[PDB]
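All remarks here apply to the structure that follows.
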Amino acid sequence: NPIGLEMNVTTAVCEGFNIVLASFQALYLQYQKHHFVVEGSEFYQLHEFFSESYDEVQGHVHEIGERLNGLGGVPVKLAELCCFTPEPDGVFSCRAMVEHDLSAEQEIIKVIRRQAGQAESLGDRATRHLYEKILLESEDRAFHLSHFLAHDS
Amino acid sequence: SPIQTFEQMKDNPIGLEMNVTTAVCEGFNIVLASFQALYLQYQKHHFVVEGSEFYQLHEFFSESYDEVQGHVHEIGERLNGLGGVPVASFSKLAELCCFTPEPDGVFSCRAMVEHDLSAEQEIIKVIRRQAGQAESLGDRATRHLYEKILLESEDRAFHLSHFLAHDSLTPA
Amino acid sequence: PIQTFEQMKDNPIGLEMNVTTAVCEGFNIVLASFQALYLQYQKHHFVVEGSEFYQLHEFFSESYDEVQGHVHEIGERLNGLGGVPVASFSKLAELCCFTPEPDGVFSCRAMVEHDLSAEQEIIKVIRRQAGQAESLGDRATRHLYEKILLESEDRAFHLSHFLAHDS
Amino acid sequence: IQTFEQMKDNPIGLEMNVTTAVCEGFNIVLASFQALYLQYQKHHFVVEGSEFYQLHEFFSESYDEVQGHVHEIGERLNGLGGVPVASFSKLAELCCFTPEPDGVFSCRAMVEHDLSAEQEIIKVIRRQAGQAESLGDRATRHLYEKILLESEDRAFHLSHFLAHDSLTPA
Amino acid sequence: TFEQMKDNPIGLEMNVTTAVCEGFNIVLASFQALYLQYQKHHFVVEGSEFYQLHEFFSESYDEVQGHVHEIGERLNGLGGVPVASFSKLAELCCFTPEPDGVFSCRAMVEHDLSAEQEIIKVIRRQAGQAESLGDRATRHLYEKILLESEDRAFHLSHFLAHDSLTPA
Amino acid sequence: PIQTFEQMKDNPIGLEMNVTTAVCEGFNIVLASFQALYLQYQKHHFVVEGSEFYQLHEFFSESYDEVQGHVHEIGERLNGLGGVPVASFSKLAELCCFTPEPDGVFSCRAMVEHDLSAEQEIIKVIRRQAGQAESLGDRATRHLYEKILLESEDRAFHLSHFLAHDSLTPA
Amino acid sequence: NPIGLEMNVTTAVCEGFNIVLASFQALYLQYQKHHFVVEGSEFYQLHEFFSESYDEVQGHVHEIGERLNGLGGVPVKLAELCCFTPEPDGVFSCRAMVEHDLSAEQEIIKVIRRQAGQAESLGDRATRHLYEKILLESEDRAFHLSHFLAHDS
Amino acid sequence: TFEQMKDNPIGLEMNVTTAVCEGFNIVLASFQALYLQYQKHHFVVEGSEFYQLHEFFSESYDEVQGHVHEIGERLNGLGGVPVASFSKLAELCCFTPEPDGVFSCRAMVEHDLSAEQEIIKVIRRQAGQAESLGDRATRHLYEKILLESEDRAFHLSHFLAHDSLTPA
Amino acid sequence: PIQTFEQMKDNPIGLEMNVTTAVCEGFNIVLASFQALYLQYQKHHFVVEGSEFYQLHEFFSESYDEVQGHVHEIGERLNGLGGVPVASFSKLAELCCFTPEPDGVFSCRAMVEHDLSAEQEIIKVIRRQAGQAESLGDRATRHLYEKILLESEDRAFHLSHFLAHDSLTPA
Amino acid sequence: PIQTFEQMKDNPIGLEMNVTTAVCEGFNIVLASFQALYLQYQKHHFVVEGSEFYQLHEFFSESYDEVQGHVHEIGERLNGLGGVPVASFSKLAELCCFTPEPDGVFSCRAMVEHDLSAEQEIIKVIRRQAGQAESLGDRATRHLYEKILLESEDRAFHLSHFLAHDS
Amino acid sequence: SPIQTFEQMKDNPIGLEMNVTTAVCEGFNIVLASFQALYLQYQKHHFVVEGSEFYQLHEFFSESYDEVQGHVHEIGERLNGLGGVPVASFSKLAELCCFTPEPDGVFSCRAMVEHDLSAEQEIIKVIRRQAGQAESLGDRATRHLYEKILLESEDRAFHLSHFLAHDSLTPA
Amino acid sequence: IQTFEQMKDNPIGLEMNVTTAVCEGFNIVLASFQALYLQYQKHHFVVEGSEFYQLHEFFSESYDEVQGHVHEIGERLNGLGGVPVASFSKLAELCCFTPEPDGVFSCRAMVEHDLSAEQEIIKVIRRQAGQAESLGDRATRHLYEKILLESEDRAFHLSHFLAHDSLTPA
Ligand SMILES: [Fe+3]
Ligand SMILES: [Fe+3]
Ligand SMILES: [Fe+3]
Ligand SMILES: [Fe+3]
Ligand SMILES: [Fe+3]
Ligand SMILES: [Fe+3]
Ligand SMILES: [Fe+3]
Ligand SMILES: [Fe+3]
Ligand SMILES: [Fe+3]
Ligand SMILES: [Fe+3]
Ligand SMILES: [Fe+3]
Ligand SMILES: [Fe+3]
Ligand SMILES: [Fe+3]
Ligand SMILES: [Fe+3]
Ligand SMILES: [Fe+3]
Ligand SMILES: [Fe+3]
Ligand SMILES: [Fe+3]
Ligand SMILES: [Fe+3]
Ligand SMILES: [Fe+3]
Ligand SMILES: [Fe+3]
Ligand SMILES: [Fe+3]
Ligand SMILES: [Fe+3]
Ligand SMILES: [Fe+3]
Ligand SMILES: [Fe+3]
Ligand SMILES: [Zn+2]
Ligand SMILES: [Zn+2]
Ligand SMILES: [Zn+2]
Ligand SMILES: [Zn+2]
Ligand SMILES: [Zn+2]
Ligand SMILES: [Zn+2]
Ligand SMILES: [Zn+2]
Ligand SMILES: [Zn+2]
Ligand SMILES: [Zn+2]
Ligand SMILES: [Zn+2]
Ligand SMILES: [Zn+2]
Ligand SMILES: [Zn+2]
Ligand SMILES: [Zn+2]
Ligand SMILES: [Zn+2]
Ligand SMILES: [Zn+2]
Ligand SMILES: [Zn+2]
Ligand SMILES: [Zn+2]
Ligand SMILES: [Zn+2]
Ligand SMILES: [Zn+2]
Ligand SMILES: [Zn+2]
Ligand SMILES: [Zn+2]
Ligand SMILES: [Zn+2]
């Protein structure tokens with residue numbers, strides 16, 4: 001390790017980095033599928049939102065991956081280590097599309113929080129910090145999805 | 001310690017006289033107050049709208065509060081230029097408001113579109129009367145600025161009325 | 001009147017006059033169709049309203065800009081080949097591929113369907129004229145036709161999504 | 001729903017007494033500007049000769065300017081509650097000037113034709129802007145004066161295109 | 001309505017969302033007052049150095065509006081309601097806004113500095129609260145706003161320093 | 001000279017020379033005033049110094065290019081309306097509405113005051129010419145005149161703001 | 001189908017669209033992993049190249065996907081329908097990284113060519129055309145990889 | 001070396017790569033000659049309409065250089081060697097370049113038009129060849145270059161038309 | 001006037017007033033010539049018309065803003081070197097190196113030729129002042145003078161190119 | 001000399017003078033270190049050559065620009081808190097975290113290793129000063145420290161890849 | 001039909017005389033020819049380089065052929081301005097070339113870097129002698145343009161020499 | 001490999017007779033400009049007062065200008081085959097002027113200090129540019145004249161910053 005962190009903590013943080021990376025990759029490809037297949041009266045809204053969300057989540061991926069390899073691990077079984085349940089096959093309701101996306105982001109929020117706690121416990125600040133950086137934007141995306149799901153028109 | 005208290009103006013560096021800069025200045029203050037209230041309302045709507053069309057309303061409300069903030073900015077800069085004092089207190093900003101601001105709380109998307117629409121209309125009438133005043137009194141620049149603010153705020157009210165039409169790709 | 005809308009003139013790229021005449025009256029057919037579709041999209045941008053009025057406002061406007069691009073392409077290529085593009089209202093109306101929507105405000109539903117029908121009737125002539133231009137050996141024209149066709153098909157796709165029964 | 005004769009209410013506080021007049025003036029102006037847009041586009045397409053590049057680019061820039069004019073006037077027109085003209089029947093009926101017949105004409109000829117169209121659209125615009133002022137609608141009078149400014153500029157540039165001067169000696 | 005909270009899509013309990021959303025509302029109200037004041041100062045500033053203060057006040061009220069918008073979006077997302085009317089924005093504002101009327105540029109800079117200081121205190125404390133209840137993203141947003149607010153205070157103090165090219 | 005100065009020719013937009021003569025005379029005098037104002041603002045961008053040297057450096061530059069943009073608008077429209085714009089040194093000298101600053105460097109305050117006075121008398125000339133153009137039915141001239149008026153009134157605002165007896169220093 | 005193509009050909013082209021989409025997705029994620037994990041003396045070169053290549057290949061993906069859903073199918077088993085062999089786990093030689101990438105792009109080139117032939121046979125031009133559009137750039141990427149693999153310095 | 005071919009990373013046989021790479025070399029040589037000529041014309045053009053031809057010649061030689069670079073990169077990728085020296089670039093060029101010296105603008109436009117026409121013929125034919133041997137990407141690149149070359153010829157012919165604002 | 005024209009003051013870069021006086025005189029005359037050239041190019045952007053109206057429209061505009069950029073460089077450097085730049089109408093009139101075009105619209109060819117002659121005599125003045133600045137050891141003045149020379153020589157090239165007896169028409 | 005490099009002055013944000021003094025001499029330590037590292041990266045950009053000389057030319061240059069950003073941040077924050085930043089060569093040299101590379105051209109290998117060692121010695125002080133500033137309640141300073149630290153760690157990562165044994 | 005044959009000039013619209021514009025013009029033609037050859041060589045190198053560092057050489061060669069093309073452009077525009085005729089034939093472009101162009105074929109990366117380097121050097125000496133000539137004869141602008149072309153081409157040769165140094169992170 | 005005394009060969013065709021001299025002049029100029037960059041940066045950091053914003057932004061823009069100067073001169077210096085100065089020992093030894101001592105000084109004082117530094121760096125630049133001309137190296141003489149132009153401009157602007165004039169009356 002080339003930053004002075006003990007092996008102890010680098011393994012433990014790369015562990016969670018691969019969990020969140022697999023989950024974020026699943027989220028990215030599912031948002032991509034949604035961007036592809038949405039139709040209906042509000043489709044355009046969703047058409048853009050999904051495209052703005054996957055372009056967002058992959059960002060997460062890359063820097064996790066870039067810093068994951070940085071700490072001495074190997075970035076990602078993408079099916080094994082993913083924290084949430086991926087979308088089944090076929091095109092669903094647009095409403096269930098955003099419901100699935102909602103819950104996926106919620107569970108990745110949770111594991112990101114736990115990993116930030118672990119990184120803080122053992123004295124590696126930057127990882128905790130970056131987890132917080134992603135956490136704010138993913139919470140924001142959850143806000144916007146639930147706004148999509150509100151019973152109003 | 002104030003050097004130019006609210007209801008006390010001075011001179012203007014343009015060559016106008018105070019038979020009409022005073023009139024145009026407190027005609028400006030009304031529109032400034034109501035436009036500030038409308039900007040705050042559009043910002044709250046940007047914040048809290050939800051539902052089927054919520055993305056459309058989100059972005060439209062941000063666009064519109066930026067437009068009205070630009071109106072506020074130029075009205076205030078010109079008002080200070082001609083010798084007036086702009087309103088800033090919540091007290092007077094609530095007093096001089098030409099329309100009734102929306103009460104606090106989340107409304108249905110339709111309800112806030114209606115509130116916004118008639119707020120716009122009631123500011124449009126103030127603006128037209130003040131443009132007529134500025135024309136009668138020989139102040140060209142104020143009437144002309146009023147007229148272009150008028151044009152694009154009428155455009156804003158057009159788009160607002162368009163969101164309220166009873167039509168859609170849905171069966172409703 | 002130096003040249004009129006039936007006299008065909010030579011081309012500076014080395015094509016024979018038969019393929020010139022054929023490809024160019026096809027050009028003018030689908031250009032008149034594209035201009036009619038452009039103006040339909042434009043006034044639809046003007047008159048659309050309702051719950052989803054922002055989405056369609058944007059979509060209509062982008063569509064009439066892209067069809068304007070198509071029209072400039074076909075017109076420049078058409079004169080370059082030695083023809084003369086259509087511009088009169090009467091001729092334009094006549095050679096339009098589809099029946100334009102009658103003036104007056106229609107429902108947003110009906111407007112979307114009018115646009116999608118106009119685009120499919122234009123896609124028909126584009127496919128056909130592409131087959132033609134390929135048979136006559138006009139490769140650059142065929143290539144142009146293919147581009148215009150693909151993005152017209154994509155517009156048909158986004159119309160198809162606008163009219164789906166969901167939410 | 002609404003056809004090209006019946007009018008809808010306006011959400012701005014203007015009376016249909018004024019709306020009807022300003023929107024029919026608007027429709028005349030829109031038909032005129034659409035005819036000029038098509039003419040300038042054809043001119044960009046078919047122009048050729050020694051000064052071909054100048055006229056190519058000038059024709060294209062002015063057709064996009066008049067295009068902008070039609071979007072502006074059309075969106076305002078709909079705002080008042082009227083219905084804009086679109087099909088070729090009523091665009092030919094309601095057009096201010098006589099459009100150029102089909103076929104590629106001389107450089108001189110179609111520059112002059114554009115001057116003709118611009119001049120008489122200017123006539124309509126100015127006097128119906130006076131009308132708009134009389135009706136108490138300031139916003140459309142202002143919009144009219146901006147459009148009149150830009151079209152008078154276009155007429156100036158065409159006017160200079162057809163001046164009797166050149167670097168080619170007399 | 002006001003004085004009410006709905007649910008949450010990120011998994012925080014209402015014990016934490018109510019408490020942090022009240023502080024968002026307070027900070028948003030004071031930031032809106034500071035935005036209006038910075039705008040008034042950009043309008044009415046004049047004198048020897050008036051262009052400096054012109055540009056600084058404009059920059060500052062746009063930064064403050066950015067803070068306001070981020071806090072408002074996050075506040076509604078957390079299930080609260082942002083304040084918008086003048087009555088509660090005057091009530092809940094942590095500092096006393098400048099009374100109406102034109103003040104001299106120096107007094108304007110002093111008012112802005114002390115307003116920034118009080119809002120900094122409120123921000124620090126609500127950030128501490130947010131940290132104790134386990135809301136880390138709120139905490140992070142508060143700290144970003146706090147850093148840039150502290151720099152705004154730095155620049156105001158620099159404007160207030162007793163030094164010049166003039167022998168004053 | 002194929003078209004002599006004071007010889008106005010036909011316009012291609014349908015105005016009559018009774019209005020074009022007057023509005024081109026007005027255009028030429030405000031053009032001369034603005035061409036002198038451009039050079040004075042530019043001279044101030046050159047020679048200004050002092051404790052507030054930076055602010056007025058950039059203010060004078062921005063004002064001189066605003067004034068010279070006014071110049072292009074007025075000149076292009078004027079020649080569009082048959083007339084000929086002023087370009088001769090003596091001509092502008094003649095037709096300057098204000099007195100240009102005498103030569104040499106002055107105190108920055110005196111320079112701001114000179115610029116303000118030049119602005120203000122151009123204000124008066126512009127308003128009188130706008131009234132003229134309105135009465136004679138030339139709407140576009142009056143409209144351009146109006147936004148020239150708006151931005152130059154803003155410039156005069158900023159100048160007098162420079163002139164206020166206030167500062168972070170004692171005064 | 002909303003463009004006038006018979007069901008006959010739409011099914012047949014969506015078939016190959018999912019093959020090439022799964023292959024391109026595997027290629028994209030593998031180029032991403034390479035962008036993550038490359039080290040050595042020339043790493044920077046590869047560091048950027050991989051990032052410029054995956055951003056490229058995903059482009060392919062999206063428009064395939066956007067037009068796939070367009071023809072009436074459902075876009076993507078990503079492991080099942082992929083035409084080439086994905087990378088095994090761990091960080092390999094940088095040379096074998098680009099060798100694996102080389103062969104992956106070669107085989108997707110081949111199936112793209114066959115799908116273009118099929119689309120041409122049955123009269124749908126735009127698909128054949130788009131396959132050609134992607135084919136040129138993927139051939140170019142193969143050129144650049146083999147250039148990376150040349151025995152010279 | 002010249003007159004040699006190596007392997008291929010995209011799976012075409014040398015029966016097709018040799019044959020299409022020879023035509024790439026021919027088209028690249030003629031395009032380099034046309035680029036040099038358009039540049040010389042941009043340099044030496046003068047007269048009544050000289051600014052039009054100035055800008056057109058510059059635009060045209062940059063378009064032709066784009067064609068040259070795309071063909072060269074694809075040619076090396078296919079396993080061939082691009083031509084670069086003056087001897088073989090003068091040999092393999094399909095048209096006769098303009099002799100040295102300044103010509104009148106009209107003769108320059110005529111030379112450029114006929115050069116574009118001959119290169120169009122060569123391009124069409126090598127595109128047909130490429131199609132028959134199953135090289136589709138080469139075919140597509142050739143057709144793009146052909147479309148924009150045909151438009152260059154269109155604009156040259158427009159410059160050569162007998163019409164003007166002058167009564168000439 | 002706190003600093004009178006023809007009264008040069010101390011420079012903060014270490015030159016002696018023997019060289020600054022001469023180079024500021026030269027700067028002022030080339031500044032006056034370029035300030036007249038800017039106005040003449042601008043007048044040509046205004047009043048030009050004909051069959052080649054478009055080309056010279058944009059050429060005259062680009063040339064006048066190039067010339068006025070020369071003006072800013074020269075003026076800022078001049079006041080940096082103690083002197084004061086010319087701004088008075090009569091002053092520029094005096095110190096114009098060429099004869100400005102008489103008033104009224106001329107044929108476009110005559111206007112191009114007037115601009116070319118103005119350019120050429122500014123060429124001569126610039127070269128003489130560059131030799132002066134070099135002999136007296138002022139390298140930066142001479143260097144700026146040299147690129148002014150380069151771009152104005154390019155402008156003269158383009159003007160004479162306009163003047164060639166050649167076209168797609170018969171001549 | 002109004003204020004000198006030991007007199008500390010009040011802060012306008014409401015912090016107590018103890019945390020001011022502590023956080024600000026930490027600021028000056030790591031700012032002097034950052035400036036030394038910046039100049040080392042700059043002359044390495046100057047003097048690097050070899051087979052991979054383009055990669056390193058670019059990397060060195062981007063690194064000395066990013067460290068310049070760090071230095072501006074720390075200096076502005078440091079004066080704002082009430083301290084005075086270091087600028088003299090003697091003081092800068094003394095308070096530099098690491099031993100700067102001695103003048104003269106070194107191998108690209110050795111230069112990369114010198115830079116990576118300087119960055120690790122600076123990361124040490126950044127981590128430590130972040131812990132400090134957090135203990136004293138200076139939250140904005142701690143946040144700044146965290147940003148600077150993370151991207152310094154990323155630079156250490158790209159150095160680590162430059163020195164790997166591959167190809 | 002040529003109106004100004006290669007070795008036949010005319011007048012220059014600047015006020016120079018033909019004792020030195022002729023000299024500077026065919027001094028310009030040499031550098032134009034060699035710079036055109038170098039641009040073609042750099043383009044071929046952009047095309048055909050491969051190997052360990054091939055990305056670096058790829059982009060560097062494109063950068064450098066753009067730089068030398070800019071040199072060619074300004075030399076040619078100024079040459080036509082002062083009354084000369086620019087070289088364009090392959091015949092004369094090969095004749096007047098100051099250095100020997102690389103023979104056709106793919107070389108090792110090192111070999112083409114060496115060819116490029118010494119081509120640059122041999123053009124640098126031509127450029128310096130021509131700058132001295134232009135200075136002696138009183139043509140300032142040509143010498144100054146020569147000097148800035150000189151500066152950035154010396155920079156190009158610096159970077160070239162840097163690629164050739166016997167150093168690297170590899171054990172070689 | 002190469003230390004700060006021995007010189008390497010240049011690939012441009014200049015002789016070490018010239019290279020040694022121009023590179024030691026270069027190193028003097030580089031040390032001077034690095035000292036001025038650090039000074040301008042400190043000035044941007046610690047400036048305050050009534051005109052604080054002016055000097056803030058001016059100091060920062062000029063420190064980036066002198067920064068550009070050091071990149072330019074350093075890359076050319078290495079090009080000749082010399083070795084650039086970097087550590088604080090030789091930057092303090094070889095610097096043209098006396099750097100400002102530590103601590104925040106008056107506005108007047110450090111504007112004047114910057115004027116001092118600029119003036120004497122101008123001295124060095126001009127006479128050693130004359131030297132560069134005598135040696136037959138035209139490119140570095142040209143580069144020197146551009147840097148001299150920009151630094152004389154900076155000296156002008158500082159000079160005007162300290163003029164005895166203000167809108168605050170006397
Ligand atoms: Fe690693
Ligand atoms: Fe799992
Ligand atoms: Fe005021
Ligand atoms: Fe009220
Ligand atoms: Fe034709
Ligand atoms: Fe029909
Ligand atoms: Fe309507
Ligand atoms: Fe009619
Ligand atoms: Fe909510
Ligand atoms: Fe309160
Ligand atoms: Fe005229
Ligand atoms: Fe007078
Ligand atoms: Fe579908
Ligand atoms: Fe498989
Ligand atoms: Fe190869
Ligand atoms: Fe041949
Ligand atoms: Fe001075
Ligand atoms: Fe004279
Ligand atoms: Fe301080
Ligand atoms: Fe130390
Ligand atoms: Fe010539
Ligand atoms: Fe030779
Ligand atoms: Fe070296
Ligand atoms: Fe020393
Ligand atoms: Zn990366
Ligand atoms: Zn949002
Ligand atoms: Zn403002
Ligand atoms: Zn709209
Ligand atoms: Zn076109
Ligand atoms: Zn889409
Ligand atoms: Zn064209
Ligand atoms: Zn619109
Ligand atoms: Zn938002
Ligand atoms: Zn103009
Ligand atoms: Zn014009
Ligand atoms: Zn998409
Ligand atoms: Zn490449
Ligand atoms: Zn390339
Ligand atoms: Zn300046
Ligand atoms: Zn300046
Ligand atoms: Zn470099
Ligand atoms: Zn700063
Ligand atoms: Zn990286
Ligand atoms: Zn050129
Ligand atoms: Zn700052
Ligand atoms: Zn560099």
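How things are named: the first chain in the structure tokens is A, the next is B, and so on; residues count from 1 in each chain; ligands count from 1 in the order shown.
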For residue 46 in chain K: contacts at 7 Å, only C-alpha atoms, fewer than 3 positions along chain excluded, given as a list in words = residues 42, 43, 49, 58, 61 and 62 of chain K
Given 9 Å and only C-alpha atoms and all ligand atoms, residues near ligand 37 as a ChimeraX atom specification:
/G:140-141,143-144 /H:73 /K:46-47,55,58-59
Save out the residues we just selected, N, CA and C atoms, as a compact mmCIF listing (two decimals), in the first residue's frame.
# COMPACT_ATOMS: atom_id res chain seq x y z
N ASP G 140 -11.16 0.16 -36.13
CA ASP G 140 -10.14 1.14 -35.74
C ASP G 140 -9.56 0.83 -34.37
N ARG G 141 -10.42 0.47 -33.41
CA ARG G 141 -9.94 0.12 -32.08
C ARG G 141 -9.07 -1.13 -32.11
N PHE G 143 -7.20 -1.97 -34.66
CA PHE G 143 -5.94 -1.42 -35.17
C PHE G 143 -5.08 -0.88 -34.03
N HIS G 144 -5.68 -0.05 -33.18
CA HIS G 144 -4.91 0.61 -32.12
C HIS G 144 -4.40 -0.40 -31.09
N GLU H 73 -4.85 6.49 -41.85
CA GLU H 73 -4.98 5.68 -40.64
C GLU H 73 -5.62 4.33 -40.96
N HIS K 46 2.64 9.74 -37.85
CA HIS K 46 1.37 9.67 -37.09
C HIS K 46 0.64 8.41 -37.53
N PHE K 47 0.72 8.12 -38.82
CA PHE K 47 -0.01 6.98 -39.36
C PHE K 47 0.55 5.65 -38.86
N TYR K 55 1.53 5.33 -28.45
CA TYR K 55 0.51 6.36 -28.24
C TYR K 55 1.16 7.74 -28.12
N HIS K 58 2.33 8.73 -31.62
CA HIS K 58 1.11 9.05 -32.35
C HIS K 58 0.69 10.51 -32.12
N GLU K 59 0.39 10.85 -30.86
CA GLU K 59 -0.14 12.18 -30.60
C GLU K 59 0.92 13.26 -30.81
Inset, instruction - Write down, as a ChimeraX atom specification, each residue of chain K that has any atom within 9 Å of an atom of chain L, counting only C-alpha atoms. - result: /K:117-118,120-121,124-125,128,131,144,147-152,154-155,157-159,161
Taking N, CA and C atoms for each residue, export the selection above as a short mmCIF file (atom, residue, chain, number, x, y, z; two decimals), in the first residue's frame.
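After the write, out05.cif holds the following:
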data_model
loop_
_atom_site.label_atom_id
_atom_site.label_comp_id
_atom_site.auth_asym_id
_atom_site.auth_seq_id
_atom_site.Cartn_x
_atom_site.Cartn_y
_atom_site.Cartn_z
N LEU K 117 14.31 14.61 -36.08
CA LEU K 117 15.17 15.53 -35.34
C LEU K 117 16.13 16.26 -36.27
N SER K 118 16.86 15.51 -37.11
CA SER K 118 17.88 16.17 -37.93
C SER K 118 17.25 16.95 -39.08
N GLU K 120 14.57 18.70 -38.59
CA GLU K 120 14.31 19.94 -37.88
C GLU K 120 15.57 20.78 -37.78
N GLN K 121 16.69 20.18 -37.34
CA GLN K 121 17.94 20.93 -37.22
C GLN K 121 18.34 21.59 -38.53
N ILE K 124 16.37 24.46 -39.15
CA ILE K 124 16.68 25.54 -38.21
C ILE K 124 17.83 26.39 -38.74
N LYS K 125 18.85 25.74 -39.30
CA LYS K 125 19.99 26.51 -39.80
C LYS K 125 19.60 27.38 -41.00
N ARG K 128 17.77 30.36 -39.54
CA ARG K 128 18.63 31.35 -38.89
C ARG K 128 19.38 32.18 -39.92
N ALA K 131 16.93 34.59 -41.43
CA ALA K 131 16.64 35.68 -40.51
C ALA K 131 17.76 36.71 -40.52
N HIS K 144 11.42 38.81 -37.91
CA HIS K 144 10.70 38.56 -36.66
C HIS K 144 9.84 37.30 -36.75
N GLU K 147 11.94 34.47 -36.50
CA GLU K 147 12.44 34.24 -35.15
C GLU K 147 11.42 33.50 -34.30
N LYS K 148 10.13 33.78 -34.47
CA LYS K 148 9.18 33.03 -33.64
C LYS K 148 8.95 31.61 -34.17
N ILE K 149 8.94 31.45 -35.50
CA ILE K 149 8.99 30.10 -36.08
C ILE K 149 10.22 29.37 -35.55
N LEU K 150 11.35 30.06 -35.50
CA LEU K 150 12.59 29.53 -34.95
C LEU K 150 12.39 29.05 -33.52
N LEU K 151 11.79 29.89 -32.68
CA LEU K 151 11.60 29.54 -31.27
C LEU K 151 10.82 28.25 -31.13
N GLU K 152 9.64 28.17 -31.74
CA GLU K 152 8.84 26.98 -31.48
C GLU K 152 9.34 25.74 -32.24
N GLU K 154 12.62 25.13 -32.52
CA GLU K 154 13.64 24.69 -31.58
C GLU K 154 13.01 23.96 -30.40
N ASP K 155 11.83 24.41 -29.97
CA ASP K 155 11.09 23.67 -28.94
C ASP K 155 10.72 22.27 -29.42
N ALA K 157 12.29 20.48 -31.66
CA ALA K 157 13.52 19.68 -31.66
C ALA K 157 13.95 19.31 -30.24
N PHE K 158 13.68 20.18 -29.26
CA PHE K 158 13.91 19.83 -27.86
C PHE K 158 13.12 18.58 -27.48
N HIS K 159 11.81 18.60 -27.75
CA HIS K 159 10.98 17.45 -27.39
C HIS K 159 11.44 16.19 -28.13
N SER K 161 14.57 15.48 -29.19
CA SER K 161 15.78 15.01 -28.53
C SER K 161 15.44 14.34 -27.20
#
### Query
Can you list, as a PyMOL selection string, every protein, DNA or RNA residue that comes within 12 Å of residue 162 in chain I when you count only C-alpha atoms, leaving out same-chain residues fewer than 4 positions away?
(chain D and resi 166-168) or (chain H and resi 45-54) or (chain I and resi 52+55-56+59-60+108-113+115-116+155-158+166-167) or (chain K and resi 13)
| What residues have any atom no more than 10 Å from ligand 28 when counting only C-alpha atoms and all ligand atoms, and can you list them as an MDAnalysis selection string? | (chainID B and resid 155:156 158:159 162) or (chainID C and resid 45:48 53:54 57:58 61) or (chainID D and resid 71:72 75:76)
